[PDB]
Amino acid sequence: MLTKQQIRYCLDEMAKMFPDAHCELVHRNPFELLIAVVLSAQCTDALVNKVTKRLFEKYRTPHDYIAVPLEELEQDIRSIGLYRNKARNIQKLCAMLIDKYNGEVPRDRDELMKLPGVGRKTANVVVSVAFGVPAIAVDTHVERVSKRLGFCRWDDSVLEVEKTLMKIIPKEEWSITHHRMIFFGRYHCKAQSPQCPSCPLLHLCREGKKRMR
């Protein structure tokens, strides 16, 4: 694992590589964001943005989602992988927003996690992007980057990774650092072919030096 100063050094670099890093899921409100991120699990944004382009046209409130037949909703998001579980989760989720949260998307992370289909990653994206609540959502990219760079150990769980970053990164920068890491991993330290040769971190990166050598 790198030293704290090194980690901050890696993050400060990513910041310069992707100064405009942001959430790339198209949404007009917290609710649209919630649905968008739920469909985003194990799927690409381009795909999700395409589907919600029409979905948010057909649905605009939770009453709209539970109004139609489950089979209908499934069809509406059929191109999304894991669409069956997602379609079902959305209906139970909307029902709960109505029954339990006065028909609104809760601003609490743990409260969001009670919603069917919502795990820690999803809840973290939502409170951060929609309500400015500092949080570090750990997805495939964040985890890969953290491990390749030696931010934490390869055996650490997503929670452990999240706790490592929170301990290092100042609460006031958790959100933006999260997006920078996403961008860094999505457009640079990719899973299939990382751009190590021209990376400003190879000089202190374990995965990068092994990749070259």
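Position 1 is the first residue in the sequence shown; the rest follow in order.
- Set 37-45 against 64-72 and average the Cα temperature factors; 64-72 ends up higher.
- Set 76-84 against 129-137 and average the Cα temperature factors; 76-84 ends up higher.
- Ranked against the other modelled residues of its chain, the C-alpha B-factor of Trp154 as given in the entry falls in the highest third.
- Annotation for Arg54: CA B-factor lies in the middle third of the chain's modelled residues.
- Per the PDB record, residue ranking by Cα B-factor puts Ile168 in the highest third of the chain.
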